[PDB]
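In the form deposited in one PDB entry, a lone chain appears below as structure tokens.
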């Protein structure tokens, strides 16, 4: 499902680990409509843990697949997003999600 279209590679060796938190800044836009998932978190971008599925696959996968200081435009598919039952307005069914994520650091 998910694809990783990096823009800025990161160091290339430092990625999240099982037990670390990821600190990411992202833009979640839809194929051709708008932003639904954006992290314009005043003073604290989004964070989550790897192996606890607190995000969709596209992310656990996608972001795990990114290194510290790497930014990518990930394209996620139903299978890796909110499959079919999305939330009618934010994520209608079978909508592809696009996430311009920047892995800031691990916590």
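Numbering follows the first chain given and starts at 1.
Just so it is clear, the following notes concern the form solved in complex with a small molecule, a form of the same protein that is not shown.
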{"property": "Touches the small molecule in the deposited bound form: residue 61 (any heavy atom, 4.5 Å)", "result": "no"}
{"property": "Contact label in the deposited bound form: residue 95 to the small molecule, heavy atom within 4.5 Å", "result": "no"}
{"property": "Proximity of residue 66 to the small molecule in the deposited bound form, heavy atoms at 4.5 Å", "result": "no"}
{"property": "Distance check, residue 23 to the small molecule in the deposited bound form, heavy atom within 4.5 Å", "result": "no"}
